[PDB]
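A short write-up of the structure that comes next.
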Amino acid sequence: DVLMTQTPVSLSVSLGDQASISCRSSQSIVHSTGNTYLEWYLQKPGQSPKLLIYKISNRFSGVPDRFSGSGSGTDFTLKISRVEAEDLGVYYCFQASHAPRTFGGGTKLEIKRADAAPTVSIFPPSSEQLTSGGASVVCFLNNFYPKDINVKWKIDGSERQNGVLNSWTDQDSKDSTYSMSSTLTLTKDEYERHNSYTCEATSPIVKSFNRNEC
Amino acid sequence: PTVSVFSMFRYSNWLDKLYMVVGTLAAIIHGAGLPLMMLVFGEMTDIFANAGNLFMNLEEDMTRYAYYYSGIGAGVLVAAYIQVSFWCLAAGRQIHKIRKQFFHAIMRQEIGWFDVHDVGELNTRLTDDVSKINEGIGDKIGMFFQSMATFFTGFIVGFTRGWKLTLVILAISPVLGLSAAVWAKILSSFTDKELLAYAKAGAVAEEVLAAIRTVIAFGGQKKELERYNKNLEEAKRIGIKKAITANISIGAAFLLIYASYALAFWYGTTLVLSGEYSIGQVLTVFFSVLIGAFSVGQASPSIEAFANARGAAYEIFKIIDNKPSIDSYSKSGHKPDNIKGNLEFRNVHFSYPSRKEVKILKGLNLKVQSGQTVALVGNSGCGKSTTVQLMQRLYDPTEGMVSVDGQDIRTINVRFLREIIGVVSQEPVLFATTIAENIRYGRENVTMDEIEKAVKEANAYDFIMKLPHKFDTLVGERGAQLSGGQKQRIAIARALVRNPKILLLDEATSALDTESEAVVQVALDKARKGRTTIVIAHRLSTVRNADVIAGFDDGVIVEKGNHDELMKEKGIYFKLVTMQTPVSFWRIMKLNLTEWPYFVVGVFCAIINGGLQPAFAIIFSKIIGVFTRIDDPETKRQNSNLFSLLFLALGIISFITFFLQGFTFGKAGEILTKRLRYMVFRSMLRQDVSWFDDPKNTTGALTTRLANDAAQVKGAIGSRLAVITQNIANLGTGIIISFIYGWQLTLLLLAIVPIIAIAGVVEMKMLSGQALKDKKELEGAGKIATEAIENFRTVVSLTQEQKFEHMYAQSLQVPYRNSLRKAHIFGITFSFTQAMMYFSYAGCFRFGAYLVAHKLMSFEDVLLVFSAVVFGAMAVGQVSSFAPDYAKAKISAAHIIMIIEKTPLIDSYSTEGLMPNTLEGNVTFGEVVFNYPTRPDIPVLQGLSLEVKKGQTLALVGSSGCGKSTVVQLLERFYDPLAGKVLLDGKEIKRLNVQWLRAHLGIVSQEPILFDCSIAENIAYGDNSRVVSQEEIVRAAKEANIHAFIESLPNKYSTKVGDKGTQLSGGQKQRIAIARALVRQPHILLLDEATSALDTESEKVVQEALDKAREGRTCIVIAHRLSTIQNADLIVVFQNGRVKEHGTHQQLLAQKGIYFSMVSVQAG
Amino acid sequence: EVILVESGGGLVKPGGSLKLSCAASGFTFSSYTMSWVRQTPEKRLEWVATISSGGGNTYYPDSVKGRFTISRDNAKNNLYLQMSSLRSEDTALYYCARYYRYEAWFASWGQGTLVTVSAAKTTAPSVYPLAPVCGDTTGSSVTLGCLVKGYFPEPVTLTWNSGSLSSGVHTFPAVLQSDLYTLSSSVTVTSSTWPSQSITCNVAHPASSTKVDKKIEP
Ligand SMILES: O[C@@H](COc1cccc2ncccc12)CN1CCN([C@@H]2c3ccccc3[C@@H]3[C@H](c4ccccc42)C3(F)F)CC1
Ligand SMILES: O[C@@H](COc1cccc2ncccc12)CN1CCN([C@@H]2c3ccccc3[C@@H]3[C@H](c4ccccc42)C3(F)F)CC1
Ligand SMILES: CC(C)CCC[C@@H](C)[C@H]1CC[C@H]2[C@@H]3CC=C4C[C@@H](O)CC[C@]4(C)[C@H]3CC[C@]12C
Ligand SMILES: CC(C)CCC[C@@H](C)[C@H]1CC[C@H]2[C@@H]3CC=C4C[C@@H](O)CC[C@]4(C)[C@H]3CC[C@]12C
Ligand SMILES: CC(C)CCC[C@@H](C)[C@H]1CC[C@H]2[C@@H]3CC=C4C[C@@H](O)CC[C@]4(C)[C@H]3CC[C@]12C
Ligand SMILES: CC(C)CCC[C@@H](C)[C@H]1CC[C@H]2[C@@H]3CC=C4C[C@@H](O)CC[C@]4(C)[C@H]3CC[C@]12C
Ligand SMILES: CC(C)CCC[C@@H](C)[C@H]1CC[C@H]2[C@@H]3CC=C4C[C@@H](O)CC[C@]4(C)[C@H]3CC[C@]12C
Ligand SMILES: CC(C)CCC[C@@H](C)[C@H]1CC[C@H]2[C@@H]3CC=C4C[C@@H](O)CC[C@]4(C)[C@H]3CC[C@]12C
Ligand SMILES: CC(C)CCC[C@@H](C)[C@H]1CC[C@H]2[C@@H]3CC=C4C[C@@H](O)CC[C@]4(C)[C@H]3CC[C@]12C
Ligand SMILES: CC(C)CCC[C@@H](C)[C@H]1CC[C@H]2[C@@H]3CC=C4C[C@@H](O)CC[C@]4(C)[C@H]3CC[C@]12C
């Protein structure tokens, strides 16, 4: 075949800066006609990818002038000037010169943002899953940066029950922030053995629910 | 043998120079219409393949493009009209001048263009030749320049738009131009090649037809028909090979068109896909360069016809330049006025301009004053007639001079001379004119008073009173409707009205009656005092009144003096005087029912080759659709490859199907015409001579039928199905595939195709021959020329050439005018229809812009609808014009079937009749009357009777045609009488057999006629359908001293004789014909003019062939000189139907009568 | 504009057979090359098939040929992909895609149609509400949750107020654990709406015809 690599993976670009994303083919991409097809595709969180620039140096009707693409032979690169939050996703370097068409790995673009402490919030369980035998309590660690953060649950103060189902999220396009969910599930027997519960983030930002019904 | 180019257009004035320059420019602008059209089309295809994609302003772009097409269409309308008309008017004016001028020079030419240069060949060197120049410098040179233009414009466009593909389409261009050149030659004049195979056979067909009576009389149908069949199979082979070659040529043209499509698209898609070119850039460059490369092949027949043109104009111009030493358009000879009549001959010699080897005359010297009359006696052919000619300066002496009235004629004018002199020749002839004009021929101011005066003078006033239309009866041709008396009397009267001064007569009383001869002579004598006279006669009645009597020996006048001069000499004239004192028919397919496998494969290949055009329409529309749709490079590549391959395969199938259709329909056609000519001929030799006499049934009409019928029926059987089935496949599939792809556009554009179809047919006729060239109007002008041409020397002394020169011009004026108008009429129709093609790309495509703009169809849908009906109607026209006419051919087949089914009254092949065992050889005639079926009013014999016995040598003698040709066809059954009774041994020949009669007895004709075979053949021909012995030939061939001349000539019994007796003389042939029926061994002997052309010392060995074989046979000898008749047993002299006498010879001598004179010509 | 909408995906047993369809409106469907592309749950695209503009030509990679078959119907503007003998590696989200003149390969996509291929049993969700005890507001914004848990296959829709509110929502993706997906969402509402306008947590399962609009309360 022909396998297309993309050397950068994690880009930390700041609003107003530049970005350079390579695509280093393995065989040499040249069609019988003499044209070289290598397009770039963008996928913004939770949408179908959209065509950026076709051939080698062109722009689909409806793109900014900051997007540049130059190179020759098996080496191709993409550059972005003045990164704006409206530009955040995963970039794929498609190529159509040889009879198996192959996308590329993909580059993640993480725009830099000021550090922020997550506004933690615990959630008490409904009696419905309680009646059925389940405990539905979660802790939405909202609006933080950098991307990585952990979450700890202190069961009535001493029992730090880290038994949840972590659900990572993607950088919020609007404000360039993150989030995550930590759903603590345990069989309802040991749950009601405790009345309060104190969830935090890692200084810990606290919150609690101390009631089995209201 | 060619005349230069500058000296080619010499009969053109200032107006003709303006007709040539403007026609050339007009043709140079009309030839740049196709290449320019491909420049607009390749531009409109880039519009249609960019809109709808992003229907905005697409309609507006199409209207602007439509204007361009109507502009090119109008330019081509005007330029085509001018080019065709102006070039046909410049050649229509010149050719007419050249006709008049050539004919003006042909008339005023010194005698000696009939012996040196044959005359019929002169008619083929005039009419035909003139037509060849016309076709040469005429419209063709227009066509040339146009095609040249389409060359250069083509390649110029090819190099301006994009050149990378023009070098490629040019790399193969020699082969393209060569196929085009070859095809162009086979397209033009493709109907003037059908006399190559019927040329060698035409001779044999003409030869048997020339003497049908001899073949029936001698039995010899069989071998003649067999020779015919052989000739046939040869012509058939040549025809098949030409059909194969014509169809291979067109097939190769189409194969190359299609393979060039294949290559152009296979490479142009690489170019297009690499972003370099567009699809409009490829369509323009490819179409334009291809059109250029074929339209340089269209320009080969122009150089071919120009070379022919000058190659004939050479000989014409060399006739027109030829100024004879003696003529009458020099006007230099003095005109004498004091005329008294002084004939002075001093040492006048002559050698024939026809044959210089023999001087039949060896010097003469005589003097004749005015009124002095001299008679001239000698044998027929002693230079009497030719000397009467040389009197009028019809020739000049080889040594010496002739003078008149003191001075000689070698310096003075001849017109006044050849006018004031009257001369009635041996046989004076008269033309297709009126008796008023017949007499008026001498000069101009001859009034009706003079006409009536002359008819009184020559006793020529009687047929006025007895025959109606008294002054305007149209005499027959050569003097036919008249009789000898009327002819001679109008002759002497006419020779009198010219106000003669010296009157010279030749055999003045050959056929004149008792009273008629006397009145002719006296009417002549009353004009013998103020005018000299010199007479020649064989009747000594019209000699006595002469002042002197002369004797011709070796054309010399040796005996001279009055009556008593030679009457005291006791010489030759003395010896003379002392011895004297429907419905149409449709069953023609039941003629060619037997060759059905041919027609089955033929219809099949016709269908395939007629459906190949919609296939091309679909493939082309789809191969442009490949580029309008939105695909990847790889899908466009694969579909382009597959469609190029389908183009190539279509080309190969086109080649094969064309060759096959040609082979099979050509072979069916040839088998048909072969069989048909065979049967026509076979059924022709069964009809009686009473069918074969009619001059509305002539040999020329029959020869035209043999060849023409072949052509026509072959056409109206095979080509009809070829054409109908090609056209049905073609337009049926085109229309039906179009109706389902868009009906809106097809309904509009199906109201045009009548004119595109018609446009193709009119062009095709213009492209090859079909220039109308009406010759029926030309024939009338030609007929007048043929008359004067037959006897130019005889007429010139009448000086009437003026009144025939004008009889040319005033006649040529009708068609000329007409032809002028026509070179306008055609010039518009052609032009108009060509314009119509250029207008279609404006109508259809405009409507297309509408529909594509309301999504009622697609672009490739318009391309498929247009390409499959417009090009389809073009193909329908070009195909329906490349085949013979129908109604003509149907009438020809109608007449051929009319004759095939024939059944003669009396069949020569039928065995019926009487086949008796014995015979003695007796013939008896009784009250037998005999009449033609065409000539009932004129009688020949009036119910005569005879009695001839075995061994009895009948003797009969008469003048020139009193009924001796009658009795021949009565015994060998060419004729049937309505009255009388004939008893051959009491057994009627009207009951007896007609073929069994012929194996029994054998006769001899007037003259021997012969074959293109060996001498052994004709002599053995005398008996057929039985084992002939070589020794029986050497028996009679030696018996008649005729083998003596056979063993000496190399290939003694194996020399292929010349045609009809050119390799020998008569005395050699007069032996072998009597010897022909000698080997027959009949029981009845018959001869007729057996001493006609034979040596007095061979008339013994030819008559001895009778005497020792006279035995057993009813011997009936007929000759002219009584040398062989005086030994014939019974003498039956005749006179106009009544049996003048019959019986023993001394019954004819003791009672003296018309025979007492008939043996008194030159007895010793 | 150019609107492509596909449908036809759901849980399938290996060796099975399925037929996706993609209906297109807003252009001249009978003129454009069309491709099918696939995104596996590691989020790494892969070409899967192509078909030219008339249906003649068709191209598959070297690891799908024989099983998949792509075809089109220009009369109704439909594009079908019939897959046979599915494997465990063909579990992925399947996009339609158009082709663009000037030779760019995937101009205008559609939305996915998830096609899970395994040996499991389709089931409905277990929808539940979430809210603080006695509903204590924390300011001008009040946090409300929801928790959908225990279902199979993955495509599940979560909405609120059926198309009205989108201001402070925070929904998080599921994490497979023993053939059961749990997917959690949140809200943010002002103090002046929640006690006046109660909030509903709508949930629907396509694979089980479920539709449970849970009204959320303290
Ligand atoms: O109609 C067809 C087929 O005609 C027949 C088909 C079947 C049997 C037939 N049997 C007897 C006579 C014609 C027959 C022929 N056209 C006749 C006219 N061409 C015209 C044309 C005009 C001027 C100079 C050269 C050409 C020749 C080609 C051409 C290429 C592009 C666009 C137009 C044309 C080319 F540059 F090479 C096209 C084909
Ligand atoms: O038909 C006219 C008018 O030309 C057009 C004018 C404007 C638009 C047109 N659009 C499509 C086709 C022709 C168009 C041109 N003829 C076409 C016909 N040629 C004749 C002819 C005759 C019988 C069978 C095939 C051909 C064709 C070429 C050819 C090659 C050597 C010698 C003569 C010819 C060939 F063997 F290829 C020339 C004149
Ligand atoms: C005497 C007649 C039958 C000759 C036929 C000539 C036709 C083919 C010519 C004559 C005038 C031409 C038209 C002149 C002007 C127009 C109007 C424009 O908006 C579109 C093109 C259109 C419609 C042309 C099409 C071709 C046209 C109609
Ligand atoms: C005289 C003729 C009939 C002989 C046959 C010669 C033909 C087949 C040859 C002559 C010149 C050749 C072309 C020369 C140049 C090119 C460009 C190249 O990139 C591909 C081959 C191609 C397109 C050739 C095609 C074949 C060609 C047209
Ligand atoms: C015009 C004379 C020289 C005839 C020879 C020229 C034509 C018939 C020949 C010359 C080059 C040939 C092409 C050469 C190679 C290919 C590629 C193949 O995958 C499809 C057929 C195709 C496209 C051929 C078709 C036939 C072709 C076009
Ligand atoms: C004599 C009559 C009845 C023959 C009629 C011939 C027609 C019906 C035939 C002739 C050649 C054929 C074409 C040959 C090749 C192909 C290419 C393919 O990609 C589409 C179909 C198509 C275009 C065929 C359709 C049918 C066709 C157009
Ligand atoms: C519209 C439907 C019925 C399509 C069928 C079209 C038929 C009726 C058309 C197509 C082509 C036409 C033929 C074209 C040329 C010729 C040759 C001529 O010497 C007689 C008419 C004849 C034989 C035509 C007869 C009518 C015809 C056969
Ligand atoms: C003598 C024959 C062959 C000619 C018949 C006239 C043709 C040219 C005419 C008659 C009927 C016409 C059609 C009648 C109906 C419509 C609907 C109209 O809103 C747009 C044009 C359209 C599609 C016409 C196109 C032109 C048309 C086909
Ligand atoms: C049923 C109808 C609508 C079919 C359309 C009829 C057309 C295609 C047919 C009808 C009669 C045909 C014409 C009949 C007569 C001739 C004369 C001939 O020397 C050339 C072809 C030509 C000019 C034909 C051309 C095609 C023609 C006009
Ligand atoms: C008989 C054909 C081949 C040539 C003559 C065609 C001319 C006279 C006809 C053919 C189709 C016609 C067009 C038919 C429909 C339209 C759209 C209408 O809203 C305005 C006139 C317009 C633009 C016509 C102009 C004239 C037109 C182009």
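Within each chain, counting starts at residue 1; across the structure tokens, chains are named A, B, ... in the order shown, with ligands numbered 1 upward in that order.
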Using DSSP secondary structure from the backbone, list all strand (DSSP E) positions within segment 12-210 of chain A, as an MDAnalysis selection string.
chainID A and resid 18:24 38:43 50:51 67:72 75:81 90:95 107:109 151:155 159:160 167:168 180:181 198:201 207:208
Just write the chosen residues, N, CA and C atoms, as a compact mmCIF listing (two decimals), in the first residue's frame.
# COMPACT_ATOMS: atom_id res chain seq x y z
N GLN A 18 0.73 30.38 15.33
CA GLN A 18 0.72 29.58 14.11
C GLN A 18 0.76 28.09 14.43
N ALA A 19 0.60 27.27 13.40
CA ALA A 19 0.61 25.82 13.57
C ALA A 19 1.05 25.17 12.27
N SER A 20 1.87 24.12 12.39
CA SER A 20 2.45 23.42 11.25
C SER A 20 2.25 21.92 11.43
N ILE A 21 1.46 21.32 10.54
CA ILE A 21 1.05 19.93 10.64
C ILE A 21 1.57 19.21 9.41
N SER A 22 2.50 18.28 9.60
CA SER A 22 3.15 17.60 8.48
C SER A 22 2.34 16.40 8.05
N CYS A 23 2.68 15.85 6.89
CA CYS A 23 2.10 14.61 6.38
C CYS A 23 3.16 14.01 5.46
N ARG A 24 3.90 13.03 5.97
CA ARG A 24 5.10 12.50 5.34
C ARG A 24 4.82 11.15 4.70
N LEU A 38 -4.01 15.39 -2.80
CA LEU A 38 -3.81 15.22 -1.37
C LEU A 38 -4.61 16.30 -0.66
N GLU A 39 -5.74 15.93 -0.08
CA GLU A 39 -6.69 16.90 0.45
C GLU A 39 -6.60 16.92 1.95
N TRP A 40 -7.07 17.99 2.58
CA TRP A 40 -7.03 17.95 4.03
C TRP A 40 -8.45 18.05 4.56
N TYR A 41 -8.73 17.31 5.61
CA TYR A 41 -10.08 17.23 6.14
C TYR A 41 -10.04 17.62 7.60
N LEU A 42 -11.12 18.24 8.06
CA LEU A 42 -11.23 18.69 9.43
C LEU A 42 -12.48 18.09 10.04
N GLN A 43 -12.39 17.69 11.29
CA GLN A 43 -13.55 17.18 12.01
C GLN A 43 -13.66 17.96 13.31
N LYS A 50 -15.30 18.05 7.19
CA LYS A 50 -15.54 18.94 6.06
C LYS A 50 -14.27 19.12 5.24
N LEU A 51 -14.41 19.22 3.93
CA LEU A 51 -13.27 19.38 3.04
C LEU A 51 -12.61 20.75 3.24
N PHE A 67 -5.32 29.41 6.19
CA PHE A 67 -4.98 28.03 5.87
C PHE A 67 -4.06 27.95 4.66
N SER A 68 -2.85 27.44 4.88
CA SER A 68 -1.87 27.30 3.81
C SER A 68 -1.39 25.86 3.70
N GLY A 69 -1.06 25.44 2.47
CA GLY A 69 -0.58 24.07 2.21
C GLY A 69 0.46 24.06 1.10
N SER A 70 1.71 23.72 1.44
CA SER A 70 2.81 23.68 0.44
C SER A 70 3.66 22.42 0.63
N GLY A 71 4.36 22.00 -0.42
CA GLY A 71 5.24 20.81 -0.36
C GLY A 71 5.38 20.15 -1.72
N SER A 72 6.18 19.08 -1.79
CA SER A 72 6.40 18.35 -3.07
C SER A 72 6.81 16.90 -2.78
N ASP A 75 6.50 14.62 0.74
CA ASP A 75 6.36 15.48 1.95
C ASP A 75 5.34 16.59 1.71
N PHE A 76 4.33 16.68 2.59
CA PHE A 76 3.27 17.72 2.50
C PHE A 76 3.04 18.31 3.90
N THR A 77 2.79 19.62 3.98
CA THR A 77 2.56 20.28 5.30
C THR A 77 1.37 21.24 5.23
N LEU A 78 0.74 21.51 6.38
CA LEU A 78 -0.42 22.43 6.49
C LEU A 78 -0.09 23.46 7.58
N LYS A 79 -0.45 24.73 7.36
CA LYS A 79 -0.13 25.76 8.33
C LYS A 79 -1.35 26.62 8.57
N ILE A 80 -1.50 27.04 9.82
CA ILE A 80 -2.63 27.83 10.27
C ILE A 80 -2.09 29.03 11.03
N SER A 81 -2.48 30.23 10.61
CA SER A 81 -2.06 31.45 11.26
C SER A 81 -3.25 32.05 12.01
N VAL A 90 -9.87 17.61 14.60
CA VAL A 90 -8.89 16.62 14.19
C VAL A 90 -8.71 16.69 12.68
N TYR A 91 -7.46 16.63 12.23
CA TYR A 91 -7.08 16.89 10.84
C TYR A 91 -6.55 15.63 10.19
N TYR A 92 -7.10 15.28 9.03
CA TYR A 92 -6.77 14.06 8.31
C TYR A 92 -6.25 14.40 6.93
N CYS A 93 -5.13 13.80 6.51
CA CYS A 93 -4.56 14.11 5.19
C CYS A 93 -4.87 13.00 4.20
N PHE A 94 -6.01 13.11 3.54
CA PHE A 94 -6.40 12.10 2.57
C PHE A 94 -5.52 12.19 1.34
N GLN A 95 -5.38 11.08 0.62
CA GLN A 95 -4.60 11.04 -0.61
C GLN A 95 -5.24 10.05 -1.56
N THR A 107 -4.40 14.55 13.63
CA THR A 107 -3.75 15.43 14.58
C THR A 107 -4.79 16.12 15.44
N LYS A 108 -4.54 16.17 16.74
CA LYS A 108 -5.42 16.85 17.67
C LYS A 108 -4.90 18.26 17.87
N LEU A 109 -5.80 19.23 17.91
CA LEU A 109 -5.43 20.63 18.10
C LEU A 109 -6.00 21.18 19.40
N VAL A 151 -10.77 13.00 40.09
CA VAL A 151 -11.95 13.22 40.92
C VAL A 151 -12.02 12.14 41.99
N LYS A 152 -12.20 12.56 43.24
CA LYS A 152 -12.18 11.65 44.39
C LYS A 152 -13.50 11.80 45.14
N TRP A 153 -14.02 10.68 45.64
CA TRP A 153 -15.28 10.67 46.38
C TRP A 153 -15.05 10.14 47.79
N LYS A 154 -15.29 10.99 48.79
CA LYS A 154 -15.18 10.61 50.19
C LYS A 154 -16.55 10.21 50.70
N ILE A 155 -16.73 8.92 50.95
CA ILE A 155 -18.00 8.36 51.40
C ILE A 155 -18.10 8.57 52.90
N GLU A 159 -14.14 7.01 53.68
CA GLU A 159 -14.12 6.06 52.57
C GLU A 159 -14.08 6.75 51.22
N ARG A 160 -12.87 6.97 50.70
CA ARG A 160 -12.70 7.61 49.40
C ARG A 160 -13.02 6.60 48.31
N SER A 167 -16.06 9.42 32.35
CA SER A 167 -16.52 9.71 31.00
C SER A 167 -15.89 11.01 30.51
N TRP A 168 -14.73 10.90 29.87
CA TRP A 168 -14.01 12.06 29.36
C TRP A 168 -14.78 12.81 28.28
N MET A 180 -15.79 16.53 32.55
CA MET A 180 -15.75 15.08 32.73
C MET A 180 -16.84 14.70 33.72
N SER A 181 -17.19 13.42 33.74
CA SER A 181 -18.23 12.90 34.62
C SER A 181 -17.70 11.70 35.39
N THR A 198 -19.14 13.17 50.17
CA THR A 198 -18.38 14.38 49.90
C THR A 198 -17.43 14.16 48.73
N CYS A 199 -17.79 14.69 47.56
CA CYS A 199 -17.01 14.58 46.34
C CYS A 199 -16.14 15.81 46.19
N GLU A 200 -14.97 15.65 45.56
CA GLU A 200 -14.00 16.72 45.40
C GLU A 200 -13.25 16.56 44.09
N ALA A 201 -12.34 17.49 43.82
CA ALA A 201 -11.47 17.44 42.65
C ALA A 201 -10.01 17.55 43.08
N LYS A 207 -18.20 19.54 47.64
CA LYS A 207 -19.66 19.59 47.63
C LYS A 207 -20.18 18.26 48.16
N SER A 208 -21.42 18.28 48.65
CA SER A 208 -21.94 17.12 49.37
C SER A 208 -23.45 17.07 49.27
How would you write, as a list in words, the set of residues in segment 90-177 of chain A that DSSP gives as alpha helix (DSSP H)?
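Reading the DSSP output for segment 90-177 of chain A, alpha helix (DSSP H) covers residues 127, 128, 129, 130, 131 and 132 of chain A.
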Take the selection from the previous step and output its residues with N, CA, C and O atoms, as a PDB file, in the first residue's frame.
ATOM      1  N   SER A 127     -34.841   8.228  44.113  1.00  0.00           N
ATOM      2  CA  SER A 127     -35.355   7.043  44.789  1.00  0.00           C
ATOM      3  C   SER A 127     -35.766   5.960  43.797  1.00  0.00           C
ATOM      4  O   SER A 127     -35.990   4.810  44.192  1.00  0.00           O
ATOM      5  N   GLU A 128     -35.866   6.306  42.513  1.00  0.00           N
ATOM      6  CA  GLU A 128     -36.337   5.345  41.519  1.00  0.00           C
ATOM      7  C   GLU A 128     -35.329   4.215  41.331  1.00  0.00           C
ATOM      8  O   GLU A 128     -35.670   3.035  41.470  1.00  0.00           O
ATOM      9  N   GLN A 129     -34.079   4.557  41.011  1.00  0.00           N
ATOM     10  CA  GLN A 129     -33.037   3.536  40.947  1.00  0.00           C
ATOM     11  C   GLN A 129     -32.755   2.948  42.322  1.00  0.00           C
ATOM     12  O   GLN A 129     -32.297   1.803  42.424  1.00  0.00           O
ATOM     13  N   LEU A 130     -33.011   3.715  43.383  1.00  0.00           N
ATOM     14  CA  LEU A 130     -32.935   3.168  44.733  1.00  0.00           C
ATOM     15  C   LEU A 130     -33.965   2.064  44.931  1.00  0.00           C
ATOM     16  O   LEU A 130     -33.644   0.994  45.463  1.00  0.00           O
ATOM     17  N   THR A 131     -35.208   2.312  44.510  1.00  0.00           N
ATOM     18  CA  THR A 131     -36.258   1.304  44.624  1.00  0.00           C
ATOM     19  C   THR A 131     -35.903   0.041  43.848  1.00  0.00           C
ATOM     20  O   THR A 131     -36.247  -1.070  44.267  1.00  0.00           O
ATOM     21  N   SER A 132     -35.217   0.192  42.719  1.00  0.00           N
ATOM     22  CA  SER A 132     -34.831  -0.933  41.878  1.00  0.00           C
ATOM     23  C   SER A 132     -33.531  -1.587  42.324  1.00  0.00           C
ATOM     24  O   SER A 132     -33.275  -2.739  41.958  1.00  0.00           O
TER      25      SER A 132
END
Can you work out which residues from chain B touch chain C at a cut-off of 9 Å (counting only C-alpha atoms) and hand them back as a ChimeraX atom specification?
/B:53,628-633,635,638-639
Find the residues near ligand 4. Use a cut-off of 8 Å, count only C-alpha atoms and all ligand atoms, and write them as a ChimeraX atom specification.
/B:168-169,171-175,263,267
Dump N, CA and C atoms for the selected residues as an mmCIF file, in the first residue's frame?
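Output saved as selection_26.cif:
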data_model
loop_
_atom_site.group_PDB
_atom_site.id
_atom_site.type_symbol
_atom_site.label_atom_id
_atom_site.label_comp_id
_atom_site.auth_asym_id
_atom_site.auth_seq_id
_atom_site.Cartn_x
_atom_site.Cartn_y
_atom_site.Cartn_z
ATOM 1 N N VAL B 168 0.090 14.995 -34.055
ATOM 2 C CA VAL B 168 -0.281 13.584 -34.029
ATOM 3 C C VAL B 168 -1.275 13.270 -35.139
ATOM 4 N N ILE B 169 -2.357 14.044 -35.231
ATOM 5 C CA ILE B 169 -3.296 13.841 -36.325
ATOM 6 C C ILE B 169 -2.643 14.066 -37.685
ATOM 7 N N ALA B 171 0.718 13.141 -38.221
ATOM 8 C CA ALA B 171 1.664 12.052 -38.434
ATOM 9 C C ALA B 171 1.068 10.948 -39.288
ATOM 10 N N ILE B 172 -0.247 10.764 -39.223
ATOM 11 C CA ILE B 172 -0.908 9.691 -39.954
ATOM 12 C C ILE B 172 -1.594 10.248 -41.187
ATOM 13 N N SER B 173 -1.414 11.530 -41.446
ATOM 14 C CA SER B 173 -2.232 12.191 -42.454
ATOM 15 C C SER B 173 -1.980 11.721 -43.888
ATOM 16 N N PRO B 174 -0.768 11.306 -44.267
ATOM 17 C CA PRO B 174 -0.611 10.701 -45.600
ATOM 18 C C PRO B 174 -1.601 9.587 -45.899
ATOM 19 N N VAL B 175 -1.810 8.659 -44.962
ATOM 20 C CA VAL B 175 -2.731 7.547 -45.195
ATOM 21 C C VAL B 175 -4.164 8.045 -45.320
ATOM 22 N N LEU B 263 -7.941 7.025 -32.017
ATOM 23 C CA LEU B 263 -6.665 7.574 -31.562
ATOM 24 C C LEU B 263 -6.825 8.981 -31.000
ATOM 25 N N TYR B 267 -5.794 9.765 -27.041
ATOM 26 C CA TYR B 267 -4.735 10.684 -26.642
ATOM 27 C C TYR B 267 -5.297 11.960 -26.022
#
